[PDB]
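> below is the sequence, then the experimental coordinates.
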Amino acid sequence: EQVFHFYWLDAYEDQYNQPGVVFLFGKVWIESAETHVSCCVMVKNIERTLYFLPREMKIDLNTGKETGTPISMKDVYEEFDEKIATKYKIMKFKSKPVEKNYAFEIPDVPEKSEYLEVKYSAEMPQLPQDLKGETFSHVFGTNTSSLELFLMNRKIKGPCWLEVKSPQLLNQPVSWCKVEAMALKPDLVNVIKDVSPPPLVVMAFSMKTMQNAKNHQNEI
């Protein structure tokens, strides 16, 4: 295979124009030039995560008439597939069971419970924040950002040394870096601890302007 080390320093995202892609900029090592150079890596196909809370019973959406059959997990999985996904044009998604804990201000939520974890790609639209349905009472994770989700999932705490697995080449230069790379899924990035930080390049500058005598404007 192929894997290389990286030292990231900054990150960037553009939700409005390129959904589901996160850039990472930093330092990489080259033996031939015996110095560290700049590099950028693209992580793509970051999918949203949504947590659906199953309702403790069913509730009719007219007057809250609970007719009688208890709510099972399969009901919640079917409900999103048949109605919610169709209503908001969701093509592909993967769902599974999870167990989660809640200890915050939103009421009518148990301390420990089983939820429905659903995931779908970043190109589909976004559900409303207050969606409700037959078998689910509330939904969490609607408006999470891609950068936050990446850092919280991959357990990155500030600058660190990273292993990037299976790099691919880019069609055209997207960054002014001397080196470029890309990855297909966030699972291919990992953190290591036993390396000292590399040196950096520091630039300072000063500027002097002058207000034009005739017109009001500042020229450097």
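Received the coordinates, thanks. Numbers count the residues shown, from 1 in each chain.
> name the element residue 153 belongs to?
Assigned by DSSP states H and E, residue 153 belongs to helix 146-154.
> listing partners with orientation, what would you give for the helix or strand where residue 116 lies?
Per DSSP H and E, residue 116 falls inside strand 112-120. Strand pairing for strand 112-120, determined by DSSP bridges: strand 48-54 (antiparallel), strand 94-101 (antiparallel).
> alpha carbons only: can I get it in CSV?
The C-alpha trace of strand 112-120 is given here as CSV (Å, rounded to 0.1, in the frame of the first residue of the first chain):
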residue,chain,number,x,y,z
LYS,A,112,-30.0,6.1,29.0
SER,A,113,-31.8,4.8,25.9
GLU,A,114,-31.4,3.2,22.5
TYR,A,115,-31.6,5.4,19.4
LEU,A,116,-31.6,5.1,15.7
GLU,A,117,-28.3,6.2,14.0
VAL,A,118,-28.8,7.1,10.4
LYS,A,119,-26.1,8.4,8.0
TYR,A,120,-26.2,9.8,4.5
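> quick check: the residue nearest to residue 146 when sequence neighbours are not counted vs residue 152, distance?
Of all residues not flanking residue 146 in the chain, residue 46 sits nearest, at 4.8 Å (CB to CB, 6 or more residues apart in numbering). Placement of C-beta: from N, CA and C, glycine included. To residue 152, residue 46 is 12 Å away according to CB to CB, to the nearest Å.
> so which of the two has more stuff around it?
residue 46 (21 against 10; other CB atoms under 10 Å).
> next, the more buried one: secondary structure please.
coil (DSSP: H, G, I helix; E, B strand; the rest coil).
> please report the distance of the nearest residue to residue 94 once chain neighbours are set aside from residue 46.
Spatial nearest neighbour of residue 94, excluding adjacent residues (CB to CB, 6+ apart): residue 119 at 5.3 Å. Counting by CB to CB, the separation of residue 119 from residue 46 is 10 Å.
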